[PDB]
Amino acid sequence: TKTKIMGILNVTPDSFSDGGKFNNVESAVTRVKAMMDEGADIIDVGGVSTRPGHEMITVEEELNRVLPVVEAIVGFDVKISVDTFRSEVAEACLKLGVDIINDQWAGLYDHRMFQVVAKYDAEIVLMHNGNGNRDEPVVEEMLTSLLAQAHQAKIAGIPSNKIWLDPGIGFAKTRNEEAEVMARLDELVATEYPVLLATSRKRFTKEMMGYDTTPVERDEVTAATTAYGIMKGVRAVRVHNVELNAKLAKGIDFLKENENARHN
Amino acid sequence: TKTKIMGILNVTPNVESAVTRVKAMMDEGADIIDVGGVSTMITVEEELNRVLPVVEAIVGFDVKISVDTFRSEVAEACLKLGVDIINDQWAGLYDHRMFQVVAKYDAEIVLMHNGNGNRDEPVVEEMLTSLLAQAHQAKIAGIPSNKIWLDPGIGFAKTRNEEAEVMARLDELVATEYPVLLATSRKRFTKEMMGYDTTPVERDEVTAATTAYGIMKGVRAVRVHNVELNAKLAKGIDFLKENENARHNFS
Ligand SMILES: [K+]
Ligand SMILES: [K+]
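First to last, the sequence lines map onto chains A and B. Everything in the first sequence is counted per the deposited numbering, starting at 2 for the first residue and increasing by one. Just so you know, the second sequence maps onto residues 2 to 14, 25 to 51, 57 to 267 in the deposited numbering.
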């Protein structure tokens with residue numbers, strides 16, 4: 002019943018600070034152990050990004066990045082999610098025992114993703130992305146798309162309670178469109194598919210600050226979106242600062258449950 | 002429209028360190044500094065010996081000053097110096113003269129729920145009744161209705177269950193239309209939200225949770241130890257509520 006805390010484990014070569022000195026399985030294991038200790042329920046491993054202007058890699062390459070890391074941590078007492086939009090990458094990871102496939106394309110890139118996730122009795126996160134030049138209201142477009150994709154997921158045999166929806170904050174959306182989405186999370190929660198909110202250190206949180214910040218300085222306004230989102234009913238949050246959010250979410254979860262209990 | 006951040010400045014057993032802490036709190040985003048000389057029985061003179069030197073030093077700063085006192089002699093001395101708010105843990109029950117003193121200086125007063133531990137009626141109803149009665153007393157002394165704050169008094173004269181009832185029903189207190197100051201920071205309630213015997217500082221995140229939660233219920237200020245954490249989080253919640261209003265054409 003708790004809000005799930007999904008930590009971020011980025012394994013793309015370029016995201017590494019010290020020239021990639023610590024871009025290996027052993028470093029990833031130290032990081033994951035820290036995130037588990039701070040309260041992470043899920044570790045989101047990703048080696049690709051669907052953002053425009055990014056590196057375009059092969060399935061073999063993505064597998065090179067993700068497989069060794071997944072194998073090393075899948076045995077830990079934490080759930081494992083993989084950010085991938087290609088079913089071949091998903092299947093290899095599912096065979097290694099991952100729990101969730103976080104598809105930044107909501108199965109739009111590769112429709113086999115649905116039967117692949119279902120074949121392994123896993124969960125799938127469908128993120129709203131693309132169609133940035135849409136002419137209709139973003140939340141309507143988002144709901145139409147995500148609901149069509151979730152329906153495809155159910156057809157493949159994926160249970161409704163194992164199909165997550167993610168607004169895709171940070172992807173194919175203007176500042177106006179993101180403001181609209183953040184104001185209507187209740188509508189997304191109303192679909193009854195568990196909702197994953199992922200705003201951590203992105204432009205939206207960057208612009209909630211009154212000055213230019215380094216990513217880490219956006220942690221408190223990210224926690225604000227976490228608390229707000231839980232109040233709206235989102236079921237999980239994807240964050241960089243696992244501890245802050247884990248402890249804050251424990252508080253909000255407590256307060257909401259206490260409130261429901263006391264109003265029967 | 003922003004939620005006001007009231008930073009806590011406990012001065013119970025020197026000015027230099029008090030001023031330093033106030034300097035930090037202003038930086039971290041504090042709108043009000045609440046100076047407290049009675050940890051809660058020291059004499060009025062002893063309370064004044066603690067509080068006064070500090071108030072004399074920080075009252076000229078660009079920040080509102082609140083004094084945590086329930087005795088009118090302490091309040092008056094501070095008000096003469098120019099403080100803005102009297103935060104009364106007894107809601108004027110300890111010293112009936114508190115309201116005349118506050119009225120005299122045209123300052124604000126926070127009426128905190130306290131006492132009557134062996135209450136007859138359910139806590140929320142008893143709280144409302146006591147606080148509204150005291151608000152009435154404050155007004156007939158000449159204090160403007162818009163300068164009266166209500167504080168649920170978390171940490172005082174309530175069992176664990178009663179405080180949980182109060183925290184589950186903040187909207188009913190916010191509904192009185194008097195601005196509400198939520199003061200949970202590091203108190204037993206937050207410790208127990210953590211679920212084990214934590215140190216005071218370890219309760220800062222669950223305290224920030226009561227802050228966000230409280231803002232969503234409409235409280236207008238939060239009294240906190242960790243000013244920076246709550247200031248940034250409160251700022252974020254304020255932005256999200258206003259954005260939600262904007263996109264829906266609410267208010
Ligand atoms: K596992
Ligand atoms: K001042």
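Every residue, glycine too, gets a C-beta built ideally from N, C-alpha and C.
Practice prompt. May I have a chain-ordered list of the alpha helix (DSSP H) segments no shorter than 4 residues that lie completely inside the region 41-94 of chain A?
Written response: 60-74
Worksheet item: If residue 39/A sits next to residue 243/A, beta carbons under 8 angstroms apart, how far is it from one beta carbon to the other, in whole angstroms?
Response: 4 angstroms
Discussion item. Residues around ligand 1, please: the ones whose beta-carbon is closer than 7 angstroms to some heavy atom of it, in chain order.
Written reply: 75/A, 76/A, 77/A, 78/A, 79/A, 80/A, 81/A, 98/A and 100/A
Item to complete: Just mark residue 194/A as buried or exposed, buried being the case when its beta carbon has 16 or more other beta carbons within 10 Å.
Response: buried
Worksheet item: Residues of chain A with CB under 7 angstroms from residue 232/B, in chain order?
Response: 232
Worksheet item: So what does DSSP say about residue 240/A, is it helix, strand or coil?
Response: strand
Worksheet entry | Unbroken beta strand (DSSP E) run spanning residue 101/A, endpoints | 101-104
Worksheet item: Using a Cβ-Cβ cut-off of 7 angstroms (strictly less than) and excluding sequence neighbours within five positions of residue 53/B, which residues of its own chain qualify?
Response: No atoms are given for residue 53/B, which sits in the stretch of chain B between 51 and 57 that the model skips.
Practice prompt. Throw me the rounded Cβ distance for the residue 129/A and residue 169/A pair, which I believe falls under 8 angstroms.
Written response: 4 angstroms
Worksheet item: For chain A, is any of its Cβ atoms less than 8 angstroms away from the one on residue 58/B?
Response: no
Fill in: Residue nearest to residue 12/B in terms of C-alpha spacing, selected from 33/B, 110/B, 6/B and 3/B
33/B
Fill in: Residues that residue 248/B contacts on chain A, provided the C-beta gap is smaller than 7 angstroms
221 and 222
Worksheet item: Can you tell me the Cα-Cα spacing of residue 253/A and residue 61/A, whole angstroms?
Response: 42 angstroms
Fill in: residue 118/B to residue 101/B span [Cα, whole Å]
8 angstroms
Worksheet item: For residue 217/A, is the classification buried or exposed, using 16 other Cβ atoms within 10 angstroms of its Cβ as the cut-off for buried?
Response: exposed
Worksheet item: Is any heavy atom of ligand 3 found at a distance shorter than 7 angstroms from the C-beta of residue 169/B?
Response: Summarising the ligand content, the structure contains ligand 1 and ligand 2 and does not contain ligand 3.
Worksheet item: Looking only at its own chain, which residues have a Cβ that is under 6 angstroms from the Cβ of residue 41/B, when we skip the five neighbours before and after it?
Response: 6, 8 and 243
Practice prompt. Flag this pair as yes or no: are the beta carbons of residue 186/A and residue 233/A separated by less than 8 angstroms?
Written response: yes
Worksheet item: For residue 106/A, which residues from the same chain have a beta carbon less than 7 angstroms from its beta carbon, with the 5 sequence-adjacent residues on both sides left out?
Response: 51, 86 and 130
Discussion item. Considering Cα atoms alone, identify which of 183/B, 204/B, 238/B and 230/B is closest to residue 260/A.
Written reply: 183/B
Practice prompt. Flag this pair as touching only if the region 200-215 of chain B and the region 152-165 of chain B have three or more C-beta atom pairs under 8 angstroms; answer yes or no.
Written response: no
Worksheet item: Alpha carbon to alpha carbon, what distance is there between residue 84/A and residue 220/A?
Response: 22 angstroms
Item to complete: Name the one or two DSSP bridge partners that residue 8/B has.
Response: 44/B and 240/B
Fill in: Neighbouring residues, chain A, relative to residue 241/B (Cβ below 9 angstroms)
Going along chain A, no residue has its Cβ under 9 angstroms from residue 241/B, so there is no contact; the nearest lies around 15 angstroms.
Worksheet item: Can you list, in chain order, the residues of its chain whose CB lies under 6 angstroms from that of residue 82/A, leaving out five sequence neighbours each side?
Response: 43, 45, 101 and 103
Item to complete: Following the continuous beta strand (DSSP E) through residue 126/B, name the residue where it begins and the one where it ends.
Response: 124-128
Worksheet item: Are the beta-carbon atoms belonging to residue 240/B and residue 197/B less than 8 angstroms from one another?
Response: no
Worksheet entry | 3 or more residues per run - each beta strand (DSSP E) lying fully within the region 157-237 of chain A | 164-167
Practice prompt. Compare the C-beta of residue 259/A against all C-beta atoms of chain B and say whether one is closer than 8 angstroms.
Written response: yes
Worksheet item: Nearest CA to the CA of residue 153/A: which residue from 126/A, 136/A, 137/A and 171/A?
Response: 126/A
Worksheet item: Hey, is residue 245/A's beta-carbon within less than 8 angstroms of any beta-carbon in chain B?
Response: yes
Worksheet item: Can you find a C-beta in chain B that's less than 8 angstroms from the C-beta of residue 181/A?
Response: yes
Discussion item. Counting only C-beta atoms, is residue 148/A closer than 8 angstroms to chain B at any point?
Written reply: no
Worksheet item: Helix or strand or just coil, what does DSSP make of residue 119/A?
Response: helix
Item to complete: Name the two residues that bound the continuous alpha helix (DSSP H) containing residue 27/B.
Response: 26-38
Worksheet item: Between the Cα of residue 48/B and the Cα atoms of 171/B, 231/B, 72/B and 66/B, which residue gives the shortest distance?
Response: 66/B
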